[PDB]
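Here is the structure we will look at, set down as structure tokens.
Residue numbers (the entry's author numbering), protein chains in the order written: chain E, 316 to 435; chain N, 60 to 233; chain I, 57 to 202, 222 to 254; chain L, 58 to 203; chain Q, 2 to 32, 145 to 359, 368 to 385.
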């Protein structure tokens, strides 16, 4: 009778996997996106799309009088290895005064990392 | 050749083909806060007050005076700070010129009955006129409190004139 | 290794990128607007979402709704984007939907009706250069990695000879010897 | 008598742990103990200790937290959503969402996962890179920053 | 690049025809190369809008469309020292109306505490969108809205101060799809709103955006009903069925949401 928690947890994980597979089948595999009719417009999961715009960049042509415009989009992914969490939101008055020095440094590093990844 | 060659696109009105009526354009431009739009709209408003003041009368177009007041009160602060070299930056010069343009627009409109009737019922404009008149009196009697710095005299000159004109008009209603 | 990773990332990012077809035109006084930021003009004209009065009215909800409306309009700028469609898609109270729609319509950000075949084209001071609009990388497309890994890819490029070519969205590729 | 129930629950949780995958806890979460509270939870998540209701109690809170963490660790390569946890937990949905978001913030639930497994709404696409054109009082001018 | 080649902006509107069609299933007002793609939003047309006509839906919008004059609202003349900034009075409103040879079934929310817009203006906007302008229809709509506002007004403005946990069964049908779910809701914690709950459900199940309002709206309904039974004292608090292991607040507790397409 020591197998009940494990069975419920495994059922939860299997339910999660089923939901994920169903979403992927409906939204991305069978068709690329779902066309809504109220606005007559495609709808794709927001994850595939980008969220914000991190400023602009400008330079010059190779020769003077070369009056041309080179418009182009660019994605920027400072430290793609480390994921982002809501750690830039927890106020200092919560984690402070109960922490090890190393954990405090790690918290500060994560917060600064997210804040800097919000830049260009 | 072009998707505009559909029958549906054969019935468009002439009112929107330009995008926005110029009165709305000037109002929204003043509402924005972008300096270039502000200057463009103020030049156009000044031309209208000089050559067609019945189209922008302060009665038919309410909520027009508040914008001018927003441009005019910082002029009061500047004029108080005008007894020394204080127009070093270009943003200061731009704010001063916007204030002068709004003041001239107000005077040109006050040359009409409805507009001056709307102007009289406003404590801010009367207080500003009184402030400028007291500064002029301080210059005239030669007080040692506030002494105009001659490098700014030009500005002050124009200022005074406009104020007096305004006073003249409202002199009938006090 | 990482070369193939960045290559697949560029492939996926280009596959799920919205390709622009029609040009969008907004009046000049609506030049303070940014899709990813909120301006003082928006907070003054909509004080209810930011004064912390209610819980149903949060700045996040306002921003999500207005971004939905903006994207929906920009994707098909020839139609009108009635309020009922937005209301069927968004989950706010109808009063807030109406206020946001009216505010976006007043500043010409949506439903700005012109006939752009009656006006000339000019050149601004800022011109004649390479412009790189740098947008954040989408999640759900990042690689699966079970050392740093910066990324500064370039997805698509477009070249224009004049400003009129930029406005008409005509690239040198097809424009060269069209007929 | 109740000691025996505690023994049963401890053995059950030990079996759970003995059948869970190995995960990589991030550094900034090393303060976490599976069998403790650490007073970071007490501050971040009040109302589980104010005796507010018969339902939200620290014991049930700890049980739900451990259950969610183990359900995730059963397969760390997939985002753990709220619907499954809600299916297999008795508590107000508000508290479940609180605990889920809390455990997510500290990287204890969805730190290293296949990013394709995270759910997201389906809105229209993102028209941020599009080219806008200003309508000056004179003519159409390409909107470009300076 | 010629001036003439450009297209006018924001004049057409094919909305009503999208309502009337059966290929486009709207639950309201009823009686290179292309693969399995319907809209050009992600496929790049080679800088030639003409190719946009390869898709039948865009053609339908460009052929069966009308020219529309814009809304001209009251320019948002907000108020003078009004809007006392109460939290919200969020009451749901439904519409079942039989126009001549036409049905109208709709739902939305209404903030009773916000006096910025009036039911007559909303009726005018709705009827203009449906392209069915008639003073009788607008009067009917406004009267229905006012009735439903007056009914649930005082009940919605009753803040609960004692912890209540209720098992809730949500059931919502869009046109043919039925969404059923069961959960345990606390009527005291103002942290989670039904909108966030609906968004999470739609994200996890991967449904269309159209379910986000509906679900949330229906949820609001049930809450109000419960409030009635708690004002009349007809609401007990002694027990709540949640499958808990042996004490309360344990790990079985309920079933899960599902979406099913039915007939008959």
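Positions of the beta carbon are idealized from the N, C-alpha and C atoms, including for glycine.
### Message
Against chain I, with Cβ distances strictly below 8 Å, would residue 290 of chain Q count as a contact?
### Response
no
### Message
Excluding the 5 residues flanking residue 99 of chain L on each side, which residues of the same chain have their C-beta closer than 7 Å to its C-beta?
### Response
Only 106 meet the Cβ criterion.
#### Entry: Closer than 8 Å to chain L by CB, residue 19 of chain Q
No, because no Cβ of chain L sits closer than 8 Å to the Cβ of residue 19 of chain Q.
### Message
Does chain E have any CB closer than 8 Å to the CB of residue 97 of chain L?
### Response
yes
### Query
Which residues in the same chain have their Cβ closer than 6 Å to the Cβ of residue 177 of chain I, if we skip the five residues on either side of it in sequence?
238, 239 and 242
### Task
Measuring only between beta-carbons, confirm whether residue 147 of chain I sits less than 8 Å from chain Q.
Under the Cβ distance rule, residue 147 of chain I counts among the residues neighbouring chain Q, one pair being separated by less than 8 Å.
### Message
Threshold first: 4 residues or longer. Then list the alpha helix (DSSP H) segments lying entirely within the segment 234-312 of chain Q, N to C.
### Response
248-264 and 266-269, all fully within the segment 234-312 of chain Q.
### Query
From residue 231 of chain N to residue 112 of chain N, what does the alpha carbon distance come to, in whole angstroms?
21 Å
### Task
Please confirm if the segment 332-341 of chain Q is in contact with the segment 350-358 of chain Q, defined as three or more CB-CB distances below 8 Å between the two stretches.
no
#### Entry: Bridge partner(s) assigned by DSSP for residue 410 of chain E
Paired residues: none, contrary to the question.
### Task
Step through the CB atoms of chain E and report whether any lies within less than 8 Å of the CB of residue 172 of chain Q.
It does not: the Cβ of residue 172 of chain Q has no partner Cβ on chain E nearer than 8 Å.
### Task
Could you check the C-alpha separation between residue 71 of chain N and residue 125 of chain N for me, to the nearest Å?
Cα to Cα, the separation comes out at about 36 Å.
### Query
Buried or exposed: where does residue 163 of chain I fall if 16 or more other Cβ atoms within 10 Å of its Cβ makes it buried?
So residue 163 of chain I ends up on the buried side.
### Supposed close pair residue 12 of chain Q, residue 169 of chain I - CB separation, criterion 8 Å
Confirmed, about 6 Å.
### Query
Contact between the segment 180-192 of chain L and the segment 125-137 of chain I: three or more CB pairs below 8 Å?
yes
### Message
By the three-class DSSP mapping on this structure, what secondary structure does residue 235 of chain I have?
### Response
strand
#### Entry: Secondary structure, beta strand (DSSP E): runs of 3+ residues fully inside the segment 122-205 of chain N
none
### Query
Does the Cβ-Cβ distance between residue 149 of chain L and residue 302 of chain Q come in under 8 Å?
yes
#### Entry: Segments assigned beta strand (DSSP E), at least 3 residues, entirely inside the segment 374-411 of chain E
384-391
### Query
Going by other Cβ atoms of all chains shown within 10 Å of its Cβ, with 16 needed for buried, is residue 69 of chain N buried or exposed?
exposed
### Query
Any idea which residues DSSP pairs residue 372 of chain E with across the strands?
I:188
#### Entry: Rounded straight-line distance, which links the Cα of residue 104 of chain N to that of residue 192 of chain N
26 Å
### Query
How would you list, in chain order, the residues of chain L whose beta-carbon sits under 8 Å from the beta-carbon of residue 242 of chain I?
Per Cβ cutoff of 8 Å: 190, 197 and 199.
#### Entry: Selected residue, minimal CA-CA separation from residue 384 of chain Q, among Q:168, Q:352, Q:157 and Q:291
Relative to residue 384 of chain Q, the option among Q:168, Q:352, Q:157 and Q:291 whose CA is nearest is Q:291.
### residue 158 of chain N classed as buried or exposed, judged by whether at least 16 other C-beta atoms fall within 10 angstroms
It is buried - the Cβ of residue 158 of chain N has at least 16 other Cβ atoms within 10 Å.
### Message
Using the three-state DSSP reduction, which class does residue 210 of chain N fall into: helix, strand or coil?
### Response
helix
#### Entry: Cβ-Cβ separation, residue 87 of chain N to residue 89 of chain I (assumed contact under 8 Å), whole Å
Actually they are not in contact, since the Cβ atoms of residue 89 of chain I and residue 87 of chain N sit about 13 Å apart, beyond 8 Å.
### Query
the segment 123-151 of chain I: which residues have C-beta closer than 9 Å to a C-beta of chain L, in chain order?
123, 124, 126, 127, 128, 129, 130, 131 and 145
### Query
Can you list the residues of chain Q that residue 212 of chain N reaches, using a CB-CB cut of under 7 Å?
Here the premise fails: no neighbours, minimum Cβ distance about 44 Å.
### Task
Report yes or no: do the segment 254-262 of chain Q and the segment 107-125 of chain L share at least 3 C-beta pairs separated by less than 8 Å?
no
### Task
At 8 Å on the CB atoms, spell out the chain Q contacts of residue 246 of chain I, in chain order.
160
### Task
Pull up the DSSP beta-bridge partners for residue 82 of chain I, would you.
L:191
### Message
So the candidates are N:178, N:233 and N:171; which of them puts its Cα closest to the Cα of residue 123 of chain N?
### Response
N:178
### Query
Between residue 83 of chain L and the rest of its own chain, which residues show a CB-CB distance below 7 Å, the 5 nearest in sequence each way excluded?
Annotation for residue 83 of chain L: 164 and 168 place their beta carbon closer than 7 Å to its own, counting only its chain and skipping 5 residues before and after.
### Task
Flag this pair as yes or no: are the beta carbons of residue 141 of chain I and residue 175 of chain Q separated by less than 8 Å?
Cβ atoms of residue 141 of chain I and residue 175 of chain Q: not closer than 8 Å.
#### Entry: Interface residues of chain I facing residue 374 of chain E [CB-CB closer than 7 Å]
Under the 7 Å cutoff, chain I gives 185 and 186.
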